[PDB]
Amino acid sequence: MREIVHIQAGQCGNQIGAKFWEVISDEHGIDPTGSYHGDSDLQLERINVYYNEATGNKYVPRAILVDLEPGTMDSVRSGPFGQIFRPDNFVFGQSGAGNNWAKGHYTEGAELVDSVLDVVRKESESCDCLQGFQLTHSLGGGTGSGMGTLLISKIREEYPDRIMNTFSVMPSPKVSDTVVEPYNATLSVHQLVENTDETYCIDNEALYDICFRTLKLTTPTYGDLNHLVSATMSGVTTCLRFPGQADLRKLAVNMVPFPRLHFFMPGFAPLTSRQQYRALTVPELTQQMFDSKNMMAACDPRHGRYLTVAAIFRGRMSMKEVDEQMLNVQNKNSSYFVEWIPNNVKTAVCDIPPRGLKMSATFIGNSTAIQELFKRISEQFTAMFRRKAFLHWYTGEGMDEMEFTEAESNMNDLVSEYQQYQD
Amino acid sequence: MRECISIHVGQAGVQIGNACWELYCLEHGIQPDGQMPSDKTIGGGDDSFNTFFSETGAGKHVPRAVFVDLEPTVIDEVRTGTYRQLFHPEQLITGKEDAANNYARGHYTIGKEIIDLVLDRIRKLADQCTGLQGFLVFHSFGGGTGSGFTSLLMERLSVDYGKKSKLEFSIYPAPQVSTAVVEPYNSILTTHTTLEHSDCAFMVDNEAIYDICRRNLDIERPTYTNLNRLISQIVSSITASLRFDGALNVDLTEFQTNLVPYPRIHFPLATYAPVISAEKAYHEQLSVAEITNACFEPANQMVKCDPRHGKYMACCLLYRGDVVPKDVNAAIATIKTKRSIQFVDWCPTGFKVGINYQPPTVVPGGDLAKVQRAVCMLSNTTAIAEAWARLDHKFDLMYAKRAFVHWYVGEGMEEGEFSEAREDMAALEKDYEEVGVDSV
Ligand SMILES: Nc1nc2c(ncn2[C@@H]2O[C@H](COP(=O)(O)OP(=O)(O)OP(=O)(O)O)[C@@H](O)[C@H]2O)c(=O)[nH]1
Ligand SMILES: Nc1nc2c(ncn2[C@@H]2O[C@H](COP(=O)(O)OP(=O)(O)O)[C@@H](O)[C@H]2O)c(=O)[nH]1
Ligand SMILES: Cc1cccc(C(=O)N2CCC(C(N)=O)CC2)c1
Ligand SMILES: Cc1cccc(C(=O)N2CCC(C(N)=O)CC2)c1
Ligand SMILES: [Ca+2]
Ligand SMILES: [Ca+2]
Ligand SMILES: [Ca+2]
Ligand SMILES: [Mg+2]
Ligand SMILES: [Mg+2]
């Protein structure tokens with residue numbers, strides 16, 4: 001019984017989180033009312049990882065919904081599976097965070113954070129043996145970014161030896177709500193460097209390009225982007241939700257060779273547009289899964305080197321043909337794998353495929369190419385910070401310029417650390 | 001929650017308030033007696049329109065507003081007009097003797113006798129709010145009450161409500177409808193005094209509105225009524241994000257984040273389209289592309305200036321009506337290729353978009369055609385400082401001879417207040433130059 005506690009914070013965090021629970025609830029045969037109606041015992045084998053079992057054979061997600069305004073969580077509660085969440089696990093204020101990291105981290109967020117921890121503690125107290133936590137949030141806003149990283153810091157203080165995992169949506173000027181997003185993202189990245197064990201970097205620019213160029217969606221919406229995130233989140237948690245190998249700590253031990261370099265690039269295959277009924281062969285799955293266009297960090301893997309790679313294959317397929325294709329990708333592009341971590345490419349197979357697909361593959365890379373993402377953010381941060389532009393939103397909440405300069409240096413240090421292992 | 005309190009100061013503020021609240025009632029289906037048949041929650045609620053209207057147990061929907069003037073004749077027309085039942089009598093506050101176009105009388109001699117009662121009435125409105133967001137203050141630059149009393153009130157609101165947000169709709173003087181030679185004095189005085197107390201101010205150049213009415217509506221000699229009907233449409237476009245809910249709706253406060261890069265640089269340039277008569281609109285459906293392109297026609301700006309001669313620090317598009325993102329994106333792509341919109345080098349260049357699906361409305365007997373879709377662009381351009389420069393030049397001509405200054409000194413002011421205010425304006429003009437220079 002290796003329980004995980006899920007937290008979703010802010011607008012982006014709650015909208016992606018709601019879709020994640022809709023996707024995996026379907027995979028486990030859980031209906032919107034929490035009642036199981038599947039047909040495979042594999043659906044319940046590891047059900048307690050994400051669901052608590054209530055009276056009457058009801059399964060309730062171990063999820064905590066957090067926000068500084070009520071709007072998005074009202075939508076979730078009225079959404080498809082909104083009724084499946086524990087009513088007491090909705091924790092929200094009324095002020096909002098105004099896309100302001102300081103409001104989420106130091107003022108508005110500080111007034112609400114204790115009540116969130118009360119719910120976290122309640123959920124953790126009913127775990128037979130808690131693995132750790134997973135947080136979904138964006139870095140470009142105020143609640144998910146500022147209050148989300150505040151929550152991570154207070155969870156680490158109370159649960160110092162539990163794994164902390166995040167799905168962190170990185171802002172992009174191509175899919176932007178406000179100009180201060182690089183400020184909020186730079187402030188958050190330092191928190192993540194210090195206080196998470198594993199962070200999945202999901203870049204809104206990569207999600208957009210996939211929807212527009214590959215999926216051929218003329219006008220992509222946040223909903224279209226979240227469909228990709230839902231599918232990716234289901235893929236990277238398959239090995240936790242079904243029989244295999246295994247737990248968050250073991251994953252971290254084999255993915256993270258250096259403590260600060262724990263930012264992963266995820267990928268998914270297939271990504272097909274509506275020729276959607278065609279059967280996808282193992283070679284096609286393997287070639288696409290390693291293609292940059294299938295990755296969601298907007299970083300060119302051929303610009304850096306893979307420290308470690310995990311690949312999960314779902315569906316009834318030839319595990320013999322999987323190994324042959326995987327061993328083919330490595331032994332055909334070994335110039336992009338560091339040669340000082342032997343056998344750093346691991347493959348796992350799961351028999352249950354995602355809804356609507358005969359088979360699929362999910363890709364998790366710890367690549368030094370992720371420095372390109374942090375470089376983009378750093379350059380956008382400095383273009384404004386050089387002129388102290390928009391800083392008054394943050395100094396009005398009590399922040400000083402020195403904290404911005406420290407965040408600037410912290411992320412440039414991180415970029416420098418990736419660059420040394422790329423050579 | 002998120003309530004907004006409107007304050008209408010002086011003749012221009014009150015009469016523009018009349019037009020705005022009449023338009024709001026039409027957009028929301030509120031009758032002149034305050035009843036709203038479509039509102040099924042009696043005496044309360046948290047609907048989007050509740051940001052601007054409270055509710056009584058008898059089903060009356062009451063504007064969250066105070067009207068204030070130092071003489072009674074303008075507010076008296078509200079007390080006896082079509083929407084007299086809309087307001088509680090205590091929301092309409094009048095003195096006997098006005099400021100006589102003298103900032104000093106509005107801020108000091110006369111204003112000081114009524115400021116406490118005004119604040120007490122505003123407090124009564126605030127007490128009914130569960131999450132007051134801030135104030136919207138409507139006033140002229142040129143009148144004695146609009147300038148002097150507004151600045152006194154803004155100072156007192158900072159003390160009584162702290163940093164709670166205060167936005168202005170400020171009427172910038174034009175010679176075609178101006179009533180005082182000293183309006184440049186009053187404008188500089190109130191702009192200086194109010195600057196540190198305002199989070200965001202939308203200037204409305206009366207000469208720009210006058211030209212638009214003559215040019216686009218074929219009105220030979222526009223009256224205050226003509227001007228205020230158009231101004232109310234622009235005000236409505238800006239506040240629609242607060243009064244209506246929608247999937248594509250973006251809150252005014254989120255636009256504000258992008259629009260104000262430094263506390264003093266808080267004067268957005270508004271542009272509105274389409275402004276067209278019924279005779280011209282007939283059988284002529286104006287598309288998203290057409291009204292968007294019009295946003296970048298200088299003739300459609302609320303303040304006369306040349307953005308082509310400055311730099312952009314933000315561009316926001318507030319659509320309402322039958323508009324979908326696909327058509328917006330296509331319209332923007334066209335503009336990004338035919339107009340060189342130059343941004344400062346320290347600012348992102350992406351346009352920020354919001355859409356409110358509720359279609360625009362018009363008041364019967366008006367000049368504007370009824371349209372299926374409209375847009376208000378809010379830009380932060382260094383070019384708006386041209387409006388300060390024109391005002392400062394008229395100030396300088398008169399002040400060099402101290403013309404009319406004795407009227408202000410006689411009411412207790414000192415010449416030091418004029419030079420202090422004028423120096424702040426010079427620094428503000430210099431600030432607008434500085435932010436436009438490229439980084440080193
Ligand atoms: N757009 C518009 N401008 C107005 C209106 N009424 C007055 N103005 C302008 O406002 C300026 C004069 O200020 P007022 O608002 O009339 O003066 P006041 O605030 O009542 O102050 P005092 O009468 O001096 O006590 C002039 O520039 C007028 O053109 C109006 O209804 N609409
Ligand atoms: N992929 C995705 N990104 C989002 C969504 N909503 C907001 N964002 C991004 O998140 C950032 C804004 O943060 P947001 O979550 O809305 O602010 P918060 O509510 O204060 O945490 C921007 O970078 C947006 O592009 C969403 O539904 N999906
Ligand atoms: C109180 C306060 C604090 C910080 C900035 C301002 C401000 O509005 N400007 C104008 C723009 C100018 C510049 N960047 O050239 C700098 C000062 C005001
Ligand atoms: C290109 C794309 C892809 C996915 C979602 C969006 C989107 O809905 N917004 C909200 C509006 C925002 C703006 N610039 O106003 C841009 C991001 C846009
Ligand atoms: Ca508070
Ligand atoms: Ca109601
Ligand atoms: Ca300066
Ligand atoms: Mg948001
Ligand atoms: Mg008057």
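Chain identifiers are assigned alphabetically (A, B, ...) following the order of the sequence lines, protein sequences preceding nucleic acid strands; residue numbering begins at 1 within each chain. Whatever order the structure lists them in is the order used to number ligands and atoms, beginning at 1. Just so it is clear, the values below take in all heavy atoms, side chains as well, and ignore hydrogens, waters and symmetry mates.
- Nearest heavy atoms, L242(B) versus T51(B): O-OG1, 2.9 Å.
- When the heavy atoms of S145(A), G223(A), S138(A), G146(A) are ranked by distance to atom 13 (O) of ligand 2, first place goes to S138(A).
- Contact check on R264(B) versus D424(B) returns a salt bridge, with a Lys/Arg side-chain nitrogen under 4.0 Å from an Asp/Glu carboxylate oxygen.
- Closest to atom 2 (C) of ligand 2 among all protein heavy atoms lies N226(A) OD1, 3.4 Å.
- Expressed to the nearest 10°, the angle at the Ca ion (ligand 7) joining OD1 in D431(B) with OE1 in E434(B) is 80°.
- Ranking protein heavy atoms by distance to atom 17 (C) of ligand 3, first place goes to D431(B) OD1, 4.7 Å.
- The side-chain contact (heavy atoms from CB on, under 4.5 Å) test with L65(A) is passed by exactly one of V76(A), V91(A), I7(A), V116(A): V76(A).
- Applying the 4.0 Å criterion to heavy atoms of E181(A) picks out, from ligand 2, the atoms 22 (C), 23 (O).
- Looking at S176(A) next to ligand 2, no N or O pair under 3.5 Å apart turns up.
- Residue contacts with ligand 2, taken as heavy atom pairs separated by less than 4.0 Å, involve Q15(A) solely via side-chain atoms from C-beta onward.
- In terms of polar-atom proximity, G140(A) is not counted as a contact of ligand 2, lacking any N or O under 3.5 Å from an N or O of the ligand.
- Here atom 21 (O) of ligand 2 lies nearest to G144(A) when heavy atoms of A18(A), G144(A), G141(A) are compared.
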Exercise for the section: Go through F92(A) and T72(A) one step at a time and tell me if the side-chain contact (heavy atoms from CB on, under 4.5 Å) criterion holds. Expected result: CA-CA 10 Å; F92(A) 57 95; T72(A) 299; over 6 Å; no
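- Where the criterion is an N or O separation shorter than 3.5 Å, residue side chain and backbone included, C12(A) meets it with respect to ligand 2.
- Using a cutoff of 4.0 Å between basic side-chain nitrogens and carboxylate oxygens, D203(A) and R376(A) are scored as salt-bridged.
- Aromatic ring pairs are classed by plane angle as parallel below 30°, tilted from 30° to 60° and perpendicular above 60°; the pair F267(B) and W388(B) is perpendicular.
- Checking each of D438(B), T382(B), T381(B) against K311(B) for a side-chain hydrogen bond (donor to acceptor under 3.5 Å, both in side chains) leaves exactly one that passes, namely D438(B).
- Closest to atom 16 (C) of ligand 3 among all protein heavy atoms lies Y262(B) CD2, 4.6 Å.
- Residue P171(A) approaches ligand 2 through these ligand atoms, each under 4.0 Å from one of its heavy atoms: 23 (O).
- Using a 4.0 Å cut-off between charged nitrogen and carboxylate oxygen, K19(A) and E22(A) count as a salt-bridge pair.
- The backbone N or O of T178(A) lies less than 3.5 Å from a partner atom in the side chain of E181(A), making a donor-acceptor pair.
- Scanning the protein heavy atoms around atom 19 (O) of ligand 2, the nearest turns out to be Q11(A) N, 2.7 Å.
- Among protein heavy atoms, the minimum distance from atom 1 (C) of ligand 3 is reached at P263(B) CG, 4.3 Å.
- At a 4.0 Å heavy-atom cut-off, ligand 2 touches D177(A) through the side chain alone.
- Contacts with ligand 2 closer than 4.0 Å are made by side-chain heavy atoms of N204(A) only, the backbone lying farther away.
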Exercise for the section: Applying side-chain contact (heavy atoms from CB on, under 4.5 Å), run through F381(A) and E408(A) and close with a yes or a no. Expected result: CA-CA 8 Å; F381(A) 174 103; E408(A) 184 180 41; 3.6 Å; yes
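- Shown in contact with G10(A) at under 4.0 Å from a heavy atom are these atoms of ligand 2, numbered in order with element: 19 (O), 21 (O).
- What sits closest to atom 25 (O) of ligand 2 on the protein, heavy atoms only, is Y222(A) OH, 2.8 Å.
- Summary of contacts: the protein heavy atom closest to atom 8 (O) of ligand 3 is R264(B) N, 2.8 Å.
- Put simply, the side chain of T150(B) does not reach to within 4.5 Å of the side chain of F141(B), judged on heavy atoms.
- Near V175(A), the atoms of ligand 2 lying under 4.0 angstrom from a non-hydrogen atom of the residue are 25 (O).
- Partner of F263(A) under the ring-ring contact (aromatic ring centres under 6.0 Å, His included) criterion, out of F374(A), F167(A), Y200(A): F374(A) alone.
- Per-atom contact check: atom 5 (C) of ligand 3 touches the protein, criterion being a heavy-atom distance below 4.0 Å.
- Ranking protein heavy atoms by distance to atom 15 (O) of ligand 3, first place goes to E434(B) OE1, 3.1 Å.
- With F404(A) as the aromatic partner, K388(A) does not meet the cation-pi criteria of under 6.0 angstrom to the ring centre and within 45 degrees of the ring axis.
- Tested against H192(B), the residues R422(B), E420(B), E423(B) include a single side-chain hydrogen bond (donor to acceptor under 3.5 Å, both in side chains) partner, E420(B).
- Looking at atom 20 (O) of ligand 2, its nearest protein heavy atom turns out to be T143(A) N, 2.7 Å.
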